[PDB]
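Comments concern the structure below.
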Amino acid sequence: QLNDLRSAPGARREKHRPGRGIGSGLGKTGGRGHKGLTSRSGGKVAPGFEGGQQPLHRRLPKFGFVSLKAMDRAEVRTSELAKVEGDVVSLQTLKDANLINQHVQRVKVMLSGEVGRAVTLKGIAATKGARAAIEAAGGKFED
Amino acid sequence: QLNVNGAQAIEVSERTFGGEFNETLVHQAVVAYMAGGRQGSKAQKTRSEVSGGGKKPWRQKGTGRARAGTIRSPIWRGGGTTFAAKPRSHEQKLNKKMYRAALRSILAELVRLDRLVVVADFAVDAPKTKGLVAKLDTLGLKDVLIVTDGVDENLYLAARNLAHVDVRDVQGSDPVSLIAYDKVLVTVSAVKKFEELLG
Amino acid sequence: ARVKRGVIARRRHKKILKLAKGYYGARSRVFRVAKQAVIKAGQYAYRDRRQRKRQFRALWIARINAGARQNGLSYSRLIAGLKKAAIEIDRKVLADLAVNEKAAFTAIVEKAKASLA
Amino acid sequence: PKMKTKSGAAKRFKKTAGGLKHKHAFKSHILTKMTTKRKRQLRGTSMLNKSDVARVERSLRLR
RNA sequence: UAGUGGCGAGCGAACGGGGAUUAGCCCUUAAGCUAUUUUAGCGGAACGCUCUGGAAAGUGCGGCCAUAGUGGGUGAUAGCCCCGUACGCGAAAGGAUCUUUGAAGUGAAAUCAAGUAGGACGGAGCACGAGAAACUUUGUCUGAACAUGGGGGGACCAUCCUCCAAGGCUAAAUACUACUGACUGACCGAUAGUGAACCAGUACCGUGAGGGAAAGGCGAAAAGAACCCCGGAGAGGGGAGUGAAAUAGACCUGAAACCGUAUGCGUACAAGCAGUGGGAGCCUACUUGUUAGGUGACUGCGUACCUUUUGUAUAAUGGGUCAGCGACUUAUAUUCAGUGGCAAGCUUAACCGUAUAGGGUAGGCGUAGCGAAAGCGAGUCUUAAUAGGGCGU
């Protein structure tokens with residue numbers, strides 16, 4: 001019955017309207033207070049502004065450098081090697097099972113759980129702890 | 001389980017039919033369908049579109065009247081709505097999986113309340129309205145939602161004039177019309193396709 | 001959906017101007033004055049529920065005091081006379097017996113004198 | 001995406017999974033005064049203080 | 001996001017993916033070609049008695065239509081009373097769109113490139129504010145190799161890759177609405193909606209450019225009041241007649257402030273936010289007095305409301321009263337809580353679609369961190385460190 005059904009208790013609330021009455025609690029000011037900046041139309045303090053003291057993001061030194069080459073990096077957990085099909089973990093075999101990304105060339109495999117099935121890694125270079133798992137659990141690491 | 005009026009118990013999967021009735025879900029699904037894009041075309045205009053109104057009428061100080069700057073202002077006469085509404089869309093987005101769990105939950109209490117009549121086959125012969133009125137007299141039904149997958153031009157040209165009888169496809173069935181239209185009339189083909197859609 | 005507020009404004013105005021009838025001149029007929037005289041006449045009716053209890057207690061006492069001097073006491077020695085004994089009678093029903101039932105009051109007063117207080 | 005970050009605070013604050021890194025200040029251009037105990041204790045890369053978190057995470061558009 | 005930026009406020013790409021659409025050719029100048037719809041129409045199905053009423057579409061009681069049942073309007077609520085609603089026919093004659101077609105342009109249809117590339121000061125455009133500044137531009141001044149050459153790959157140089165500059169032509173996806181026509185509305189309903197429902201860009205205000213209002217409703221139908229009496233031979237009334245109704249009479253309803261006329265009770269020796277607590281008497285009703293209503297002699301306590309402020313009765317602000325309107329909204333991003341779906345996985349944006357379904361997993365967030373970076377990984381960075389310590393499990 002459309003005459004019947006209604007949602008759960010607490011799932012909907014009712015958008016308190018500031019500026020109506022005195023019994024409602026929000027009347028005559030709306031929770032702003034009295035005179036000043038944060039009491040007027042567009043009383044936005046700029047973000048990061050302190051009042052005139054020198055802010056944090058203009059006292060501390062620049063120290064970064066962004067290389068270029070982590071735009072081509074990704075890595076695969078050992079547990080996700082049981083998510084391809086065909087048991088040949090190539091470079092393109094990780095793309096069509098959308099496990100990694102497009103436009104990613106160099107891939108590693110690190111230790112994050114048991115593999116589950118014997119697969120042949122090729123084109124990708126695992127860590128030291130990962131290759132100790134794949135060579136024991138039936139897999140073969142070639143190129 | 002499901003009692004065909006002809007014979008023999010089609011006995012469907014109990015994953016779809018006979019589920020638990022979450023009605024917080026169903027209320028959200030019928031609200032999002034029913035506000036699905038309405039026609040919404042409200043059009044009030046502001047302070048900046050009204051005709052004229054661009055000079056101070058009576059000089060700041062020295063006149064005796066209160067400070068005014070525009071003839072076309074929300075305090076004045078036909079000056080302008082202060083928060084005018086330009087047209088905009090109304091559309092929730094529920095999910096793919098969330099739309100199906102609401103459809104699978106109204107299709108359980110439809111069975112527990114005996115509002116569901118499964119028949120062998122429903123086929124009219126000539127596009128004539130008084131032929132279909134007699135065929136619904138056999139099942140004993142009036143005000144019916146007819147759910148079938150073989151919507152034919154014999155069946156569609158009829159019941160475009162019947163007062164309370166509506167015919168739909170199995171993918172045109174929406175979560176309003178299964179809760180409206182007090183008794184629903186499905187066939188043994190349409191109970192199959194709910195396992196291809198909902199599982 | 002434009003709502004026009006001309007019909008539910010009127011019901012709340014007539015509800016004020018009903019409580020404010022019987023008043024002088026412009027306090028009973030125009031609304032920006034008759035709203036002040038309804039709030040003010042509600043504060044007085046709140047204070048005077050307490051002051052009602054003080055204006056009768058001061059009236060009961062001054063009637064016992066007059067009636068008990070005519071027999072031969074004061075008020076203050078009478079109350080010590082009754083509470084030497086245990087008679088346990090309010091001021092409200094002594095000041096009834098002072099006016100109407102005058103012979104029963106004298107039979108009370110003699111017992112406070114016998115209580116010798 | 002209608003939320004532009006500030007470019008300065010994205011160059012003084014790298015973000016790791018244990019807060020916000022930042023380099024220490026005061027170490028440039030007059031250094032022949034200071035005692036090493038003070039030089040080697042400004043060489044690292046600290047993490048940010050709790051009073052400063054919700055100030056910077058509005059400058060960086062995280063809120 | 002990389003960059004750029006008094007490295008401040010800020011401004012902001014590309015490469016690569018996903019879609020919509022699906023043609024390429026060459027010389028204005030060596031030696032050129034550049035068969036349907038539309039403006040007019042027509043047919044268009046199915047109802048009878050009975051009540052109340054001024055008047056039946058309504059109460060009753062039955063039947064019929066249907067590829068047309070939520071339309072309009074008829075003396076009140078109509079699928080069947082009236083106009084219309086689903087399909088076909090078209091059209092003397094024009095119009096346009098695809099074609100043959102006619103010329104010519106629409107144009108299918110040959111090369112190539114000298115004051116040209118580059119250079120030097122001065123400026124622009126490139127996301128790019130002389131910056132290690134590539135590249136395109138052109139105001140001044142200059143200047144090549146002949147496709148065994150050439151110019152590009154973000155100062156520069158060698159090696160590799162990839163394209164032919166100094167001559168032209170091109171449909172489709174795309175942007176817009178002064179003008180039409182259908183349709184539709186969780187749009188307005190005469191202080192709203194166009195400034196404008198009314199003879200509105202009018203009246204009026206200006207030397208001008210320019211500004212710019214107020215103004216809807218009798219009844220189903222004018223049946224819009226023959227005739228009489230007072231009046232200036234009038235205005236306005238009193239009858240009489242029409243009508244379901246003239247306190248519907250030239251106009252539906254008809255409120256508040258404001259002004260009156262009657263009836264009751266109180267006020268001419270009494271001092272103030274004009275009320276409240278007690279309270280005599282009188283009046284009119286009801287069983288006749290607490291059955292109730294209206295006045296209030298007398299008397300105790302009592303210096304309005306809002307805003308600003310350490311405080312206002314304040315001689316501080318504001319308000320002549322009434323009736324209408326008059327102030328925390330929307331969109332796109334993101335964070336925290338409440339309640340829901342699936343769950344080491346959750347979810348799609350454009351766009352397709354018999355179109356609120358379905359497809360679409362590109363992309364995003366997560367399942368692993370530390371480091372400025374290369375890099376290494378349940379650890380990693382600093383370090384001569386394997387010692388300590390930071391961050392992480």
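Ordering of the structure tokens sets the chain letters (A, B, ...); residue numbers start at 1 within each chain; ligands are numbered from 1 in the order shown.
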
- Message: Please find the residues of chain B near chain A - the criterion being any atom within 9 Å, counting only C-alpha atoms - and write them as a count of residues only.
- Response: 11

Neighbour list for segment 98-107 of chain A as a PDB file with N, CA, C and O atoms (P, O5', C5', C4', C3', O3' and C1' of nucleotides), in the first residue's frame, cut-off 9 Å, only C-alpha atoms (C1' of nucleotides), skip fewer than 6 positions in-chain:
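New file part_15.pdb:
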ATOM      1  N   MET A  71      54.786   7.721 -12.274  1.00  0.00           N
ATOM      2  CA  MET A  71      53.605   7.772 -13.123  1.00  0.00           C
ATOM      3  C   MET A  71      53.453   6.513 -13.959  1.00  0.00           C
ATOM      4  O   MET A  71      52.471   6.379 -14.692  1.00  0.00           O
ATOM      5  N   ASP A  72      54.402   5.594 -13.855  1.00  0.00           N
ATOM      6  CA  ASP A  72      54.382   4.358 -14.608  1.00  0.00           C
ATOM      7  C   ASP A  72      54.525   3.155 -13.689  1.00  0.00           C
ATOM      8  O   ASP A  72      54.648   2.032 -14.174  1.00  0.00           O
ATOM      9  N   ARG A  73      54.508   3.355 -12.385  1.00  0.00           N
ATOM     10  CA  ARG A  73      54.676   2.281 -11.429  1.00  0.00           C
ATOM     11  C   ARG A  73      53.318   1.794 -10.956  1.00  0.00           C
ATOM     12  O   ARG A  73      52.378   2.582 -10.822  1.00  0.00           O
ATOM     13  N   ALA A  74      53.214   0.489 -10.724  1.00  0.00           N
ATOM     14  CA  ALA A  74      52.166  -0.076  -9.894  1.00  0.00           C
ATOM     15  C   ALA A  74      52.690  -1.368  -9.300  1.00  0.00           C
ATOM     16  O   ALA A  74      53.775  -1.831  -9.641  1.00  0.00           O
ATOM     17  N   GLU A  75      51.922  -1.949  -8.389  1.00  0.00           N
ATOM     18  CA  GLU A  75      52.333  -3.189  -7.761  1.00  0.00           C
ATOM     19  C   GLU A  75      51.114  -4.040  -7.453  1.00  0.00           C
ATOM     20  O   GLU A  75      50.002  -3.534  -7.304  1.00  0.00           O
ATOM     21  N   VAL A  76      51.334  -5.347  -7.380  1.00  0.00           N
ATOM     22  CA  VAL A  76      50.270  -6.325  -7.238  1.00  0.00           C
ATOM     23  C   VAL A  76      50.567  -7.138  -5.994  1.00  0.00           C
ATOM     24  O   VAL A  76      51.688  -7.615  -5.819  1.00  0.00           O
ATOM     25  N   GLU A  80      46.338 -11.463  -5.130  1.00  0.00           N
ATOM     26  CA  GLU A  80      45.563 -11.177  -6.324  1.00  0.00           C
ATOM     27  C   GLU A  80      46.075 -11.894  -7.558  1.00  0.00           C
ATOM     28  O   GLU A  80      45.548 -11.663  -8.645  1.00  0.00           O
ATOM     29  N   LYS A  83      43.508 -14.074  -9.409  1.00  0.00           N
ATOM     30  CA  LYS A  83      42.376 -13.357  -9.965  1.00  0.00           C
ATOM     31  C   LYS A  83      42.459 -13.196 -11.469  1.00  0.00           C
ATOM     32  O   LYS A  83      41.490 -12.746 -12.082  1.00  0.00           O
ATOM     33  N   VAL A  84      43.593 -13.519 -12.074  1.00  0.00           N
ATOM     34  CA  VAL A  84      43.655 -13.650 -13.520  1.00  0.00           C
ATOM     35  C   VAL A  84      43.192 -15.051 -13.881  1.00  0.00           C
ATOM     36  O   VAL A  84      43.051 -15.915 -13.010  1.00  0.00           O
ATOM     37  N   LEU A  91      52.046  -9.114 -18.908  1.00  0.00           N
ATOM     38  CA  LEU A  91      51.767  -7.716 -18.615  1.00  0.00           C
ATOM     39  C   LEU A  91      50.349  -7.350 -19.031  1.00  0.00           C
ATOM     40  O   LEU A  91      49.648  -6.633 -18.311  1.00  0.00           O
ATOM     41  N   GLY A 123      57.575 -11.090 -17.287  1.00  0.00           N
ATOM     42  CA  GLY A 123      57.522  -9.668 -17.524  1.00  0.00           C
ATOM     43  C   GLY A 123      57.482  -8.814 -16.279  1.00  0.00           C
ATOM     44  O   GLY A 123      57.686  -7.599 -16.372  1.00  0.00           O
ATOM     45  N   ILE A 124      57.223  -9.404 -15.112  1.00  0.00           N
ATOM     46  CA  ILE A 124      57.070  -8.672 -13.866  1.00  0.00           C
ATOM     47  C   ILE A 124      58.052  -9.234 -12.845  1.00  0.00           C
ATOM     48  O   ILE A 124      58.415 -10.408 -12.877  1.00  0.00           O
ATOM     49  N   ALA A 125      58.477  -8.371 -11.925  1.00  0.00           N
ATOM     50  CA  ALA A 125      59.597  -8.667 -11.045  1.00  0.00           C
ATOM     51  C   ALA A 125      59.164  -8.581  -9.599  1.00  0.00           C
ATOM     52  O   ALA A 125      58.932  -7.487  -9.089  1.00  0.00           O
ATOM     53  N   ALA A 126      59.111  -9.718  -8.926  1.00  0.00           N
ATOM     54  CA  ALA A 126      58.658  -9.771  -7.553  1.00  0.00           C
ATOM     55  C   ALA A 126      59.785  -9.425  -6.594  1.00  0.00           C
ATOM     56  O   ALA A 126      60.961  -9.409  -6.950  1.00  0.00           O
TER      57      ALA A 126
ATOM     58  P     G E  16      48.664  10.081 -27.354  1.00  0.00           P
ATOM     59  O5'   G E  16      48.086   9.021 -26.323  1.00  0.00           O
ATOM     60  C5'   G E  16      48.872   7.930 -25.873  1.00  0.00           C
ATOM     61  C4'   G E  16      48.354   7.382 -24.571  1.00  0.00           C
ATOM     62  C3'   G E  16      46.998   6.722 -24.643  1.00  0.00           C
ATOM     63  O3'   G E  16      47.057   5.420 -25.178  1.00  0.00           O
ATOM     64  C1'   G E  16      47.058   8.153 -22.782  1.00  0.00           C
ATOM     65  P     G E  17      45.992   4.971 -26.283  1.00  0.00           P
ATOM     66  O5'   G E  17      44.923   4.155 -25.445  1.00  0.00           O
ATOM     67  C5'   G E  17      43.564   4.539 -25.458  1.00  0.00           C
ATOM     68  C4'   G E  17      42.915   4.342 -24.116  1.00  0.00           C
ATOM     69  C3'   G E  17      41.404   4.353 -24.148  1.00  0.00           C
ATOM     70  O3'   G E  17      40.828   3.142 -24.585  1.00  0.00           O
ATOM     71  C1'   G E  17      42.092   5.852 -22.519  1.00  0.00           C
ATOM     72  P     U E 361      32.683  -1.833 -20.539  1.00  0.00           P
ATOM     73  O5'   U E 361      33.420  -1.055 -19.377  1.00  0.00           O
ATOM     74  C5'   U E 361      34.556  -1.638 -18.769  1.00  0.00           C
ATOM     75  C4'   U E 361      35.009  -0.869 -17.564  1.00  0.00           C
ATOM     76  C3'   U E 361      35.817  -1.701 -16.582  1.00  0.00           C
ATOM     77  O3'   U E 361      36.830  -0.897 -16.000  1.00  0.00           O
ATOM     78  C1'   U E 361      33.882  -0.882 -15.516  1.00  0.00           C
TER      79        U E 361
END

- Hey, what does DSSP flag as helix (DSSP H, G or I) within segment 117-184 of chain B? Can you give it to me as a VMD selection string? chain B and resid 129 to 139 153 to 157

What would the file look like if the residues just selected were written as a CSV table (one decimal), in the first residue's frame with N, CA and C atoms?
chain,number,residue,atom,x,y,z
B,129,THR,N,-12.1,-4.5,-27.4
B,129,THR,CA,-12.1,-4.4,-26.0
B,129,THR,C,-13.1,-5.3,-25.3
B,130,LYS,N,-14.2,-5.5,-25.9
B,130,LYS,CA,-15.3,-6.3,-25.2
B,130,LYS,C,-14.9,-7.8,-25.2
B,131,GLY,N,-13.9,-8.2,-26.0
B,131,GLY,CA,-13.4,-9.6,-25.9
B,131,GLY,C,-12.6,-9.8,-24.7
B,132,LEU,N,-11.8,-8.8,-24.3
B,132,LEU,CA,-10.9,-8.9,-23.2
B,132,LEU,C,-11.7,-8.8,-21.9
B,133,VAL,N,-12.8,-8.0,-21.8
B,133,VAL,CA,-13.6,-7.9,-20.6
B,133,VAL,C,-14.1,-9.3,-20.2
B,134,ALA,N,-14.6,-10.0,-21.2
B,134,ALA,CA,-15.1,-11.4,-20.9
B,134,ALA,C,-14.0,-12.3,-20.5
B,135,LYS,N,-12.8,-12.2,-20.9
B,135,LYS,CA,-11.7,-13.1,-20.5
B,135,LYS,C,-11.3,-12.8,-19.1
B,136,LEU,N,-11.3,-11.6,-18.7
B,136,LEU,CA,-11.0,-11.3,-17.3
B,136,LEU,C,-12.2,-11.7,-16.3
B,137,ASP,N,-13.3,-12.0,-16.9
B,137,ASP,CA,-14.4,-12.5,-16.1
B,137,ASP,C,-14.3,-14.0,-15.7
B,138,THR,N,-13.4,-14.7,-16.4
B,138,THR,CA,-13.2,-16.1,-16.1
B,138,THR,C,-12.3,-16.2,-14.8
B,139,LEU,N,-11.3,-15.3,-14.7
B,139,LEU,CA,-10.5,-15.4,-13.5
B,139,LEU,C,-11.1,-14.7,-12.3
B,153,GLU,N,0.2,-6.7,-30.3
B,153,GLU,CA,-0.7,-5.6,-30.8
B,153,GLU,C,-2.2,-6.0,-30.8
B,154,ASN,N,-2.5,-7.3,-30.6
B,154,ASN,CA,-3.8,-7.6,-30.1
B,154,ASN,C,-4.1,-7.1,-28.7
B,155,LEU,N,-3.1,-7.4,-27.8
B,155,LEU,CA,-3.3,-7.1,-26.4
B,155,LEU,C,-3.1,-5.7,-26.1
B,156,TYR,N,-2.2,-5.0,-26.8
B,156,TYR,CA,-1.9,-3.6,-26.5
B,156,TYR,C,-3.0,-2.6,-27.0
B,157,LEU,N,-3.6,-3.0,-28.1
B,157,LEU,CA,-4.7,-2.1,-28.6
B,157,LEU,C,-6.0,-2.2,-27.8

- Message: Taking 5 positions as the minimum chain separation for residues in the same chain, which residues sit within 10 Å of residue 152 of chain B when counting only C-alpha atoms (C1' of nucleotides)? Answer as a count of residues only.
- Response: 5

- Item | Pairwise distance for atom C1' of residue 228 of chain E and atom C1' of residue 251 of chain E, rounded to one decimal in Å |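 For atom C1' of residue 228 of chain E relative to atom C1' of residue 251 of chain E, the distance reads 26.2 Å.
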